[PDB]
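Below you will find one chain, with nothing else, as structure tokens; this is the form deposited in one PDB entry, and questions on how it binds or moves follow later.
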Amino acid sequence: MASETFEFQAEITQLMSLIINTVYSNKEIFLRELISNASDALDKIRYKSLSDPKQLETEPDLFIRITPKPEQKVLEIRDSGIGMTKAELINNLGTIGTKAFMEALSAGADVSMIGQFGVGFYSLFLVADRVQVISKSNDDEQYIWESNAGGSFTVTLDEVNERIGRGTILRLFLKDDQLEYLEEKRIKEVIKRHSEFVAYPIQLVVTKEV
């Protein structure tokens, strides 16, 4: 399609570079962050569906799903949440207080606190050097947001990915040194830690050779 290129907010780019380059160790935190946004995005659709039940028909199942793809060194975190339009993709992930968090870090804050600054999405750059956010809102076509921690991101109408009913997929392209997060044991372990009080089911997609 006709990919559109956009510029990142000065701060957001800073945060990303800070993270993608950090020598931090507890990198497994990205998972609780992403699952956190996933769960939030799932709340918003279930809330909206209270007055507008027909909103749940595009995908009557509320779930969070992690799918490892070893060949492509990719880890997808999917949720059947409310999804984002072309514009929402552009605002949410490239506009909207990331400055406060960076200040906290410069004071000695815990990277794992990023979530309390409402910017945990960018924690994905701890384990991935490239991300593809594929989203589908009831109010728009399926789109593909894409960033590489660089200063600019792209937005392209989705015509290459599976049709998700309604929701969002974070297609993380893991770094070579972080390929451990493709393994069922490693993934299962991390999720069973910081993710205990989630209302929605968390499905893990495994490929078992018969």
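Throughout, rigid core stands for the largest set of C-alpha atoms superposing within 1.5 Å between the two forms. Residue numbers here begin at 1 and follow the sequence given.
The entry models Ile96 and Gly97 with a gap of 1 to 3 deposited residues left without coordinates. A summary of the deposited B-factors shows that, of 51-59 and 176-184, the stretch with the larger mean C-alpha value is 51-59. As the entry records it, the average C-alpha temperature factor is higher for 22-30, out of 22-30 and 139-147.
Residue set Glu103, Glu88, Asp79, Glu76: peak C-alpha B-factor at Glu103 (per PDB entry). Ranked by C-alpha B-factor against the other modelled residues of its chain, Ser123 falls in the lowest third.
Sort the modelled residues of the chain by CA B factor and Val210 lands in the highest third. The PDB entry assigns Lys44 a C-alpha temperature factor belonging to the middle third of its chain's modelled residues. Ranked by Cα temperature factor within the chain, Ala107 sits in the middle third according to the deposited record.
This next part talks about the form deposited in another entry, which is not shown.
With the core held fixed between the shown form and the other one, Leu75 has its Cα displaced by under 2 Å. For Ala128, the Cα coordinates differ by under 2 angstroms between the shown form and the other one after the core has been superposed. Residue displacement note: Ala87 has its CA displaced by under 2 Å between the shown form and the other one (rigid core superposed). In that other deposited form, the separation between the C-alpha atoms of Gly118 and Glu88 grows by 3 Å or more relative to the displayed form. Compared with the form shown here, the Cα atoms of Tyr181 and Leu105 sit 3 Å or more closer together in that other deposited form.
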